[PDB]
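Coming up are structure 1 and structure 2: the same protein chain in two forms, each one given alone as structure tokens.
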Structure 1
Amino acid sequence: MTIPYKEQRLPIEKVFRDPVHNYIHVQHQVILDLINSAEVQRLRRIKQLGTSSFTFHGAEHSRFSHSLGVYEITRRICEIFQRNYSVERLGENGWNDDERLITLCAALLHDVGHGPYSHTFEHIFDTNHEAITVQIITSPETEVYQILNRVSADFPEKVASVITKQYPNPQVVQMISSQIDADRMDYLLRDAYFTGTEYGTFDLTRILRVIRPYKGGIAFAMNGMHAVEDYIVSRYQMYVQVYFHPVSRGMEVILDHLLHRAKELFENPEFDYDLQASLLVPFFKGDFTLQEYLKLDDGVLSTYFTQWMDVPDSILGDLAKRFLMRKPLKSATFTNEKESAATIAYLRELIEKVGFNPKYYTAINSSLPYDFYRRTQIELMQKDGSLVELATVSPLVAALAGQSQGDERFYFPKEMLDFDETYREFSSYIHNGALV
């Protein structure tokens, strides 16, 4: 006729079953094609909770299922915006539905650049998922780009501009990235379910009941303050029980140390014949291609780690064992970085005498909460027209904003708390997961 690619609908609404949202609804051809693109399909083979998933049994949900979730919350929000908060009846403070497609695409593609065990992988190799996401969307060698380009020649650039917070419409940008966006709302609910963290679940329906657009972006009806508060508390709960949880952090250290060791053996003339990890080679060399990056996923790396147990290097072989047996390093807390630097260095010698290289079996670690402007880093609430920020009306949120925790952890093998005179000497400086 021809119906433009923008407006193409499915004969019948496609659906995806979901434990968090019940059903993911797909009705645009573009969205379906985006979902079926190699780039987005790759996310099925990548765990949302990287190393942290090994902390809770069964929490191996993929980044793909999270992406669909953000997409789903987003369309629920756009549907709410059109039915009762359009430009047609609110003017400048209204929502333009012509923005529906782009926000849906950005929602779904917001995490395409992640890669396996993203956070840890991101440190060892100089990669950046936010930039790769934008790269995937804007470079022609991608199925995502080819799909977007069919919407309009300038569409790939515009979708990318939403992700980088440069898109001219704030309502679109904040729906995908703010202090209370579709992205955050999804992973908090999704990670809460899979890890079984009961206190991590908040009521999404209440928040959706009060969500609203306005001139400068996205606001929430004043009366829904406590529903927003419940979201803040749930965010706090996920942070302490799941994200900054000690044993999940002990898992990141092991993976970090495993990859470090792998890279050092590779750069060394004769320390490891050939570790057979062809897909990691371009990364060890520091000369990687986009296509080479897209070939990587959790399954690919797990295969290599399993193979590294045979590698004639005690350190590498032992770390791969500890990673696959899902046993992280144990830890203890401390406040003084300089005053307790003597105690740390001392018990590091004790770890050597036993047979553990402190560079690989020890670590010092420390750590994003809600804090009003010092902007777009605040959630706003509408009274009778005007806008006020959350911490100004919520003593609870104001309390958690000023609460900053300088948590400092010291890692070591669990086997230190089990020729036995040294173990007795070591455990003497640790009482209830804290230094003495």
Structure 2
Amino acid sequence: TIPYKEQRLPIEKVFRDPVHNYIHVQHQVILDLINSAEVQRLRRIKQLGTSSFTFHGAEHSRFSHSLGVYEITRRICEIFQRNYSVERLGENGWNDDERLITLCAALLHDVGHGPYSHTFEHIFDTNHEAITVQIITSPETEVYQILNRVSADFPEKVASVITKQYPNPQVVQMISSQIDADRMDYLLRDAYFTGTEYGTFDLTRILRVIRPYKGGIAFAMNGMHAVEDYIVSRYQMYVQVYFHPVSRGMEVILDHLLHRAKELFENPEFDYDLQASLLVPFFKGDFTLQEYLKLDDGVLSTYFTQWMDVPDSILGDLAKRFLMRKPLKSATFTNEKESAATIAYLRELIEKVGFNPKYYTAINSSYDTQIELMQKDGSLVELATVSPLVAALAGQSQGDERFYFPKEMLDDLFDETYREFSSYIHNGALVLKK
């Protein structure tokens, strides 16, 4: 009988994918991991969080992204084996013994992600990378059981790829670097579902120039323009999708909503059942992995639905605004120190109209290795050396610095206040005055 390490499905298994057409699975191990409890739960977590409030097609899950990353990784490995094996190139070639570990790492790279990560980790101080390593290395998970079946040291080896400690730079960089399968998948996938496919670079063009070398992953010099296209697409996706103000307006609401809920919990004079059982360990700031694994997007929205009926005015309102899509509006400003006086003033105005500025205002800027080209020579050149102005795009700030406030403040008995407030806003830009 065959070692588990080597168990090849007699018939290749395909999964239909809108982005890649088909995900192809050859190994029993990979199939088992796809079917595991903690990978399956990623079906219930949105890849893009609050972006579906701006781009309504952005309803894709982390599960389909994980499969897509594995699929791109697989395609890289095939090409490396066909064209750049150690057999042909030696030390600069690819060793296909590394395939299985590389594919598991690729598939499992995001397993530690929970619902609305950025916001959740801000409020509950979780870390999805450490939880990923915990999922891979803990005997309680189905993932660990599957990995342990490969060999005793295999769960830790797979974790070491994710932590970038694995001693093979080709494997580490396939999983994690500037142009990796992770990034290429979500650029393509986020573009496909949002409909903002300015993030169409051509994936096959990149797959034809990617190669291994003794120091990691490089790109043939003849495909420099393919690399440029990727840099450009990534730029376009950050600018048009990830940095979108309306998405972040919804994200600010969510952030304040979870925070208000936690404050209500922690406080002992608040004698009311939040009915938020699964969130309790996170309100207390003391949770297990099992408890973390029970959370998904629907858990949050169920709880928020219950909260619209809560005796707290702020919680009830913030829950409502999240579910009914009522984002905070924002104005742009470029200097935090110089805008401090103006922002404080306006915050007094917002308060005078009866919004508590702590939960109805925010200051926000986001939702928050080289690229080696290889000459026929064998020698390396960094992209910026051949293409500096495009390299400049990748390194830019793109900091979209903003002040958030209720739409109500714009155009009861304080109408003169709303006209006073809106006087400090011209074309979505904060005007600095007394």
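Only the largest set of C-alpha atoms that superpose within 1.5 Å between the two forms is called the rigid core. Structure 1 provides the reference sequence; residues are numbered from 1 along it.
In a fit on the core, which one among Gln382, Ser37, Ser394, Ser62 has a Cα that moves 2 Å or more between structures 1 and 2?
Just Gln382.
Aligning on the rigid core, do we see the C-alpha of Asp272 shift 2 angstroms or more between structures 1 and 2?
Passes the 2 Å threshold, so yes.
Cα of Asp111: shift between structures 1 and 2 in Å, core-fitted?
Comparing the two forms, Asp111 shifts 0.2 Å at C-alpha.
Can you give me the Cα shift for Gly406 between structures 1 and 2? Core-superposed, in angstrom, one decimal please.
Reported C-alpha shift between structures 1 and 2: 4.3 Å at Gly406.
Enter the rigid core superposed C-alpha shift of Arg326 between structures 1 and 2, rounded to one decimal in Å.
Its C-alpha shift, to one decimal, is 1.9 Å.
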